[PDB]
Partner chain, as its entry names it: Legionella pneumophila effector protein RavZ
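Quick setup: one chain, the form deposited without its partner chain, written in C-alpha cells, and binding and motion questions come after.
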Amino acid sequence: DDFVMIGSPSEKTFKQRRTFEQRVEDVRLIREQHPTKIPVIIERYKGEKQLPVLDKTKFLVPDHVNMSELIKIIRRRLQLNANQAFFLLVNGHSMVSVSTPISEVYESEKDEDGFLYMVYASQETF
C-alpha cells in the first residue's frame, strides 16, 4: 500500500521509430544541405536511472568539433550538475579520451545508415 511501479511500454529507440530507408534518406538529404554538419543520433541508455531524457534526438555537429567539446555541450543541453556522472559511448567507447574531430570519428565510426550513433548514461559499463 505504498508505491506501484508502472512499467514503461518499451522505451523506443530511433531505429525502432524510423525505417532503414527513411534514415539513409534523412542522412543523405541532410548532408546534402549541411556538408559541414555531421548527422548524429544521441540517446539515453535503456537502463538509465539518473539522467533525464534529452529533449531532442537528432543533431548536427560541425565537423571541426572534437568529442570532448561534445560532452560539455550535452551536459549543458541536459542542464547537468558539474558533479553528476555523464558518459557518452560510441560503438562501445567512452568518448572522454578522444582528440579527433567528429568528421574523423564519423567516417570511421558511422552506422550503415549514415548517422553517427551515441548513447549517454551515468555509468560506462553494462
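Residues that one form lacks are left out of the comparison. Definition used throughout: the rigid core is the maximal C-alpha set that superposes within 1.5 Å between two forms. Residue numbers count along the first chain shown, from 1.
Another form, the form solved in complex with its partner chain, is not on view; read the next lines as being about it.
Members of 49 to 81 lying within 4.5 angstroms of its partner chain, judged by heavy atom, in the bound PDB entry:
Contacts from 49 to 81: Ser68, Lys72.
Superposing on the rigid core, which residue among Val96, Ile74, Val27, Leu60 shifts its Cα by at least 2 Å between this form and the one not shown?
Only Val96 moves by 2 Å or more at its C-alpha.
Taking the shown form as reference, are the C-alpha positions of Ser94 and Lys110 brought closer or pushed farther apart in the bound PDB entry, with a change of 3 Å or more?
Relative to the shown form, the pair is closer.
Looking in the bound PDB entry, decide if the C-alpha atoms of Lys58 and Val96 are closer or farther than in the form shown; they differ by 3 Å or more.
Their C-alpha distance grows by at least 3 Å in the bound PDB entry.
Rigid core aligned, which consecutive-residue runs (three or more long, every Cα at least 2 Å shifted) show up between this form and the one not shown?
The segments that shift (3 or more residues, C-alpha shift of 2 Å or more) are 81 to 84, 91 to 98.
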